[PDB]
Amino acid sequence: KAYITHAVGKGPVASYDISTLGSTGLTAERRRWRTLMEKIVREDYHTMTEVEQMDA
Amino acid sequence: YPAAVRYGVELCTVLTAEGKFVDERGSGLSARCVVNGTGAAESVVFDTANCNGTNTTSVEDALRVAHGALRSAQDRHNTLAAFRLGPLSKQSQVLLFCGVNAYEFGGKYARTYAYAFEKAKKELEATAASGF
Amino acid sequence: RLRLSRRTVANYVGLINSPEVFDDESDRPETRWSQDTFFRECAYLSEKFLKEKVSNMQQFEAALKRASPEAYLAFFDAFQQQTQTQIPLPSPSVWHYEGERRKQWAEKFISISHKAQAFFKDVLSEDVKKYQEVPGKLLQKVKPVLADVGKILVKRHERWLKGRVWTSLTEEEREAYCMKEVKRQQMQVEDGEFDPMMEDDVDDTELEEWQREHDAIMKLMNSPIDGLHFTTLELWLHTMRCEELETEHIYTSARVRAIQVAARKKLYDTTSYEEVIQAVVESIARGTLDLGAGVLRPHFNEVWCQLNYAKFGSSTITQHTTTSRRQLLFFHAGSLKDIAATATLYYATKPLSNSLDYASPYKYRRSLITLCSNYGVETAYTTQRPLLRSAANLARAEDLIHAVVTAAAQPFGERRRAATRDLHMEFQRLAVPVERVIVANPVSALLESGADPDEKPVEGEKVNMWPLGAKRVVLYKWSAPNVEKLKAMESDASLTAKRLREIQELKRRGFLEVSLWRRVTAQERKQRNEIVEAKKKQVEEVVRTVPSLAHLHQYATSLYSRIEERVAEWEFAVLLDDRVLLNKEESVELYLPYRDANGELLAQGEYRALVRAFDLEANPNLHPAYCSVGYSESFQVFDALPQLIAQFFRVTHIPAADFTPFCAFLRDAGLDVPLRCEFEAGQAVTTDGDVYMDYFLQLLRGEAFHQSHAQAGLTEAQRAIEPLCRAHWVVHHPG
Amino acid sequence: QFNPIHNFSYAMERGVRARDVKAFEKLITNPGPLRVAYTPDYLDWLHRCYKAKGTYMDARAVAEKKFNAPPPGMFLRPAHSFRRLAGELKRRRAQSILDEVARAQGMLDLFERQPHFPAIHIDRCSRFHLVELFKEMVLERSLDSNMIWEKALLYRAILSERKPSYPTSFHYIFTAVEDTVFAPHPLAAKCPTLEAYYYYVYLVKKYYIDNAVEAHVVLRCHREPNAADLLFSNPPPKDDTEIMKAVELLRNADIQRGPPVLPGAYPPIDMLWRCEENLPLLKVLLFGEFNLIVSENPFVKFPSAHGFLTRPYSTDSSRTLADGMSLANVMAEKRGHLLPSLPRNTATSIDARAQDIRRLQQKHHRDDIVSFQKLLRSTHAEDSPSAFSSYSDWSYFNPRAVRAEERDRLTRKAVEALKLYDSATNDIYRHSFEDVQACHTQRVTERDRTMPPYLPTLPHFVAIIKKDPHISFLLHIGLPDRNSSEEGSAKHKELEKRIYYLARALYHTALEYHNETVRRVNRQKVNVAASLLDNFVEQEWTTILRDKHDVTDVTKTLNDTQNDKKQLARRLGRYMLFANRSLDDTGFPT
Amino acid sequence: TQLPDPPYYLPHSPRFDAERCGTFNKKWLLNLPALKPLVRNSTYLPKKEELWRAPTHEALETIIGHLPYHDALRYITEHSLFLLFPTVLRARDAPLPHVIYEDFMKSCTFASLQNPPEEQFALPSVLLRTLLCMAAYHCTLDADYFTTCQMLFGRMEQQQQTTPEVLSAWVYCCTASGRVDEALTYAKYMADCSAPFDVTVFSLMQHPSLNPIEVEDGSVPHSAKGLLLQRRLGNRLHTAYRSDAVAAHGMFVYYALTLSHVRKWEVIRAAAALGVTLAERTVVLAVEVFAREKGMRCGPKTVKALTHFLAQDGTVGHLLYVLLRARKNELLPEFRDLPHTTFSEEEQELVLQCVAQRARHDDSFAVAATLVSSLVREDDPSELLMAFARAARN
Amino acid sequence: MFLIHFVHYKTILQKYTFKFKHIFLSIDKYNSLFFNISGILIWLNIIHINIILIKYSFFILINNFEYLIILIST
Amino acid sequence: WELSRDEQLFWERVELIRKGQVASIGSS
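Chains as they are written, first to last, in the entry's author numbering: chain C, 335 to 390; chain P, 972 to 1103; chain A, 147 to 639, 647 to 721, 747 to 828, 839 to 923; chain W, 38 to 105, 142 to 257, 278 to 351, 395 to 726; chain U, 35 to 428; chain Y, 1 to 74; chain B, 271 to 298.
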């Protein structure tokens, strides 16, 4: 979108910032990290899914 | 290039040549020998079908036939390998003699290869591997 | 590099690996000198320091040589563009001699070069004018004068030698004499004396001998020639000395003085002193005298390049640009042609030279590019010299080696072909021979409605003429006992599988080998014998010149004695069939091809059919001497394709409806044109549909749709390795 | 796919190029004999390739004339140079291979009777063309002498039945159909009888046959005692008395113009082609074979023959050994030796030999295990699995599978010409001078920049596996000699079979070592191949030790050096098993 | 996958390919999915044993960079580690660069190690250039930042040292804000002070993307060839010209690449009105952009500026094309509401005298001086063009 | 001279490195007085800030430690 | 011989990369 506004004429700068790449899988891991942190505080660590064991 | 020379040396080591020899002293002894690339023999067989008159051949005559059958088969392998490894080594000498400036010991780096050659000699001269 | 040294390159950025340069203003031929970038930098400093209004490049360098040493330095202190093409050349000593040495050199050189410029304006300008018809006549008038001066120098060198050979001296003594000569050439540049006195000769008797030598030189140096108004000392003083006074940093510096000692030693070790003096005079005689540049351009001989190697091929070159004032180290001329290449551009790019054009700044660029374009090919030949000349001699050595080992293989083939002929006479006496070898015409199997199929009345009787692409049926009579065994078994035979297997195994018990041999005309025998002695004396001249090749002929005969299998007029043209199986009818159809197995067209003359017979039972492993040889009657073989075409058409195209009875005319005369050669000839027609005749004969004279009977049974995988396995058969059967 | 037949390359070099479609039409018709028909879907394809090859050579001409097209990053070498003249000679020869490969492969599609080659007409042919085309088909079909008399008369029944169904180009054989004379006695032995011809037209009305591929299946099973079961078509055959009413109405009509029994003993085949009386009869057979072969299937008319044919094919050495097939090989070899210079598609074997050679080739794979180059590049371009017919009749039934070997030979010939072509572009074209200066700054160093010489190849693994002192014992002196005895060659070929088993599995492991999926499989290919050889070596080592324990050659009185066959085997160590070894002990670098 | 192209109206030529750097490329957008596993892998912290065994400088830069901005400033001020100032420029919550400059000076004030004050309170010129270039990138994004930047400059020149680096960065700041006249006048003041224009500021000015913190960090690996080309072009232009011509070329290329064409022509207007002798590359580039735009976005004084710069240093064909396009756009029915370009007598005499000065040495000027004088004096008979075509054909 | 044009078979891949701020952690742990404020009036001699939330009755705390600080209802 | 070629390759690239200061003329 930063190029499209630069292309049609409304905007003088197109973006080169690649920090947004991988953020869909990154923020999904952060909420999976947070859900695991709440799971141990409530002492529910007696069963863990394999996805939870890789996150641990 | 050095992998193809190794590929050709390993090929002729395992291959097979054959050579025959007939006794020149009147006997009809014929020996056929099969010789590998290591110089060894795989099969030595004598042929007595040519000579019907027998019991006049000593054991020195039969070893002289087998010495000629091995000498013919070993020279058969050396000529077959000189046509398999022949044209590759001829194009090798064009690539190396006229391409010294593409290699690690020609041009400005010929002084390093000569320095490392003399330095390798003094380390064998410091021990008795050279002076003895 | 010429476009990059100006102001206009500031408006361009470039790729360093492959810079596509811009179109400069001097690239256009309409550009005057006022629009030149480099001239306006020189015209600005000329008004500032030289104090002269300059309107042309001709007027600039002329005013540079009119200048005073207080103004010659002041211009060159503020001038930074020494080289424009960035080619390393020897430079005047304003770019050297930092400090006070620059000023006293300018008071010395500019006053002396003004005498030389006065020497060229009227004295030498009328002498080249007198001999302007044919060039080189001026220096040939000085040629016999300098030769008598050189004989005094050889006698002075021979007196110092005291009889002993120069090669046999101690290495310290060679550098001791070479140290005196470089310091003598230093005194020729500075003091202006052709034969200066050194303090080496302290002997009073040697001083009297040197004084007779010095006065005879100065009498020769001051002896005027008739056609030229100048003496030969004043020619050396203003052309030779004035050019080396410009580069006085070569001689005053002690580091380059040690280079000239090592350069004079390598000159004197391989070349005697009598030869180096004759080549100095030849360098002055063969040459060109320049009037505008004011220099005598020598020959650049191989002795001259070894004399002046430290000036043109050493690290004495100092480049000065606007970017950097750099001192070039590690500069080295590889061969002596590089000194001839460097001094060619150095003398041609002198100011006010005749090689440089001064009409336009465009013509000054094109004259300067060509002087560096011709120099680059001279350096491209240098870098290609030591690796290609060593590759030419190495390719020459293999062709001489291949000729020697082939000459050593021919006596091994003669003794082998003679011994199999002697063993054949002993075998044919006791064995069953073949008697009737008669060539016959091919009969047509097609017959009319009234004829009987069981009679077979005709079989042909004799053939006097066999064409090239025609079939003929040969007749053989072999009385081997296996032939009469199969004649009873096949006439006994409705048919079972076990009986037909007995028929096929009896055919493979023996075979016949039929070949075709051409007679040799005695005129062609004298032609064949003339070439084989032409190579025999050619080989023997090669052997006597190279003694290593005489040793390799002894190696080849001793090696061929080990490798070759021991054995204990008409000429062969075409092998027809390898294996002719045993037949009850005793007749086979043999097709002659247009080309042989070697791949060339067959000639005409007498041809007889050679038939050899073999049996695998009594003769195992097929020895060539043990066979039954019979000969046929002589016949004539030629080509009917120029004949039958000219009789049919009475030519470059064949019509559409004419082509189909044309091949039937070829079959009526005996030639065999197949259906594959007929169908594929109709694929290449013109716009009118005309079949090409050269396309039809090339498919006829090819091995595509018809083959010989020898190559018919072989595999393409066998035929591809056929020249490879034959060469393996030649090294085991030499000759 | 479509393949060219014509020689467009020879006409274009001289300057003869066609513009309109009619000038292209004059280029495509044969001025001599053997007229060939073309379907319109093959014509517009070949017209586009004629203009594509024309525009390629015209653009190559004007580009070459301007330099007195290169790759974009490279330059052009000067003329009369060694690399450019060798490269242009490489391109000139490899182009001529590519023309002759596609032209000869177009001859394969032409004689296979492809659907894009609808008709082949023989009208400008003389007597020599009829006898020479007849000798090449009988070697191709490989059929006995009675079937050729069976085919020529039955194809006349199809041309007469399908006579209004044929176009106007097929009408010139119908003069020769009426020119076929029969036996009424000088001419009664030459020609066959009309009752034998009237038997063949009865099979057309009862089994609805119309093509040549449906003629070969009825002419085989009808001389067999079971006929109603195996020839029972999926369309039901009509009543026999109404068909006999139909053919006798056609029989008496032929008389006043000027269940039938099987035909008896026919006249021999050598008299057919060499008499002028059977010359119109021969023209029915040649045109009847070229035009009636169609892509339809004979087995879909009745699959009872598909079960009938298969049951003697497991015992074809006994069931196909008949009296007529025994006389077929003598008749085929007599016709082949009369025309030996005719370079046709070679077979180089006998009639019974090539039938058994095609039997082992189409039902099993060849054994090239002991070869280096052929087995490492062993690849089959096609296979025939759901097809098994008699190989004298499989060339008539399905000619796609019997023409597969020389078509793959032209496939490999097309690749090596293109490999010869791609090698030439580096010869003719060169990089810039500044590019080759940049390569020589990075010199070739033997340690890291060169490829290492110890890279695993196929003979590298045979050399390591023969470096074993127990295998080198059994190769030379442990086994009996292969030339002396017949059991010594059987032990040697078995030893060489298991040596090349383990060496090829180790060669295939190094090729698929970069991925982990096949590497777990190839490790199990090595372990089954190593245990095969370790079973064989330990079988022979127990053999040559125990059997030599029974010979008892006593040489202690000779005072020898104690070398022997046993005394070197017992002085050799224990046999280190190849299944016990790791990869680095069997030739892989560490 | 067909994306439109932004209208720079830049000439397609191999000479000005260094001017084509800074153009955004859709090839990078196609290359973007290949970089996704790399940026997905880089988000994770190293293990404790690797970080404890890390060297001192690496551990300091990787801990201070992950740390909050004020905590990192506190650590720097406590341990007097002034060389970690470029790290805290790149912080996750770092403010606008004037606040960062005030924080830098505050950290230098309360530092534990106090040098003499002439060297204690002096920041490196690389730091000040980076701060002002971040400010200029923000003025590109939002021009009304410029006033505070002026205030920032009003402290920095009073506190740090006025170098040509910070002056070229302030020229880029004034250019990025849309201020044409004072940017060129600061450039002329640098040229009169014999200060060289900074080549990294000249390359970043003609790259109106790429905020310089990640350029010195190097997260964009491509277009470094373009940066090197612009730096070498700046050095080449400075070898023969002053700083003001290099700065005016940078201003022209920046306003061309930001699609601000009115300020692009105001650059030429102000450079002719101020007295800056333009480089020949800039004049040729202006003529080719005039050719690309067909003289649409142009005024009468910009036409007079172009003809003055072409009579001073320019070819005959460029000047003739500019004058003919101006006379044709005057006659167009669209621009009839706009006033016509008229030359006053003094500047007309100056242009004609400079043309006659060029024509005394050049023949291509001497053949067309009459056509130039006819095009400037507004009386243009078509017979001159017909005779020109007749002489061109014959 | 130069005979051959050769390239190296080993292909190198440039490792793309970049520093991004991917983690957002902060140690928020202070020792300070935190107030419920209904009004705050910061009077230093340059800038005066008056922030008022309304109520019926207020209190006043005043701090003169650094600058005048008036807090309404603590 | 390599040292003389590589030095001329050196100083021809210094001229390509970084140009030196241009001398003075007089404008017409």
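In this text, a Cβ means the ideal position worked out from N, Cα and C, and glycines have one as well.
is_contact[residue i, chain B] using C-beta, thresh 7 Å
| i | result |
| --- | --- |
| P/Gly1078 | yes |
| A/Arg186 | yes |
Environment of residue i [buried if 16+ CB atoms lie within 10 Å]
| i | result |
| --- | --- |
| W/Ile231 | buried |
| residue 31 of chain U | A query on residue 31 of chain U cannot be resolved here, the shown segment of chain U reaching from 35 to 428 and no further. |
| U/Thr174 | buried |
| U/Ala402 | buried |
| Y/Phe59 | exposed |
| W/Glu648 | exposed |
| W/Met220 | buried |
Chain Y within 7 Å of residue i, Cβ atoms only
| i | result |
| --- | --- |
| U/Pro40 | no |
| U/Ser253 | yes |
| P/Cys1069 | yes |
Residue i at chain P interface by Cβ criterion, 7 Å
| i | result |
| --- | --- |
| W/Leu704 | no |
| Y/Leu13 | no |
| A/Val551 | no |
| A/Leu659 | no |
Cβ separation of residue i and residue j, assumed to be a contact under 8 Å, to the nearest whole Å
| i | j | result |
| --- | --- | --- |
| W/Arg150 | W/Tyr565 | 7 Å |
| A/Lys660 | A/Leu760 | 5 Å |
| W/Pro479 | A/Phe893 | 5 Å |
C-beta neighbour in chain U for residue i, strict 7 Å
| i | result |
| --- | --- |
| C/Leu370 | no |
| B/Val284 | no |
7 Å Cβ cutoff, residue i in contact with chain A
| i | result |
| --- | --- |
| B/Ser297 | no |
Worksheet item: Which runs of the beta strand (DSSP E), 3 residues or longer, sit entirely within the segment 1033 to 1065 of chain P?
Response: none
Worksheet item: Are at least three pairs of beta-carbons, each pair with one atom in the segment 231 to 238 of chain A and one in the segment 458 to 469 of chain A, less than 8 Å apart?
Response: yes
Practice prompt. Please list the segments of the beta strand (DSSP E) lying wholly inside the segment 24 to 50 of chain Y, counting only runs of 3 or more residues, in order along the chain.
Written response: 39 to 43
Discussion item. In chain order, what are the residue ranges of uninterrupted alpha helix (DSSP H) at least 4 long that sit wholly in the segment 196 to 236 of chain A?
Written reply: 203 to 211, 215 to 223
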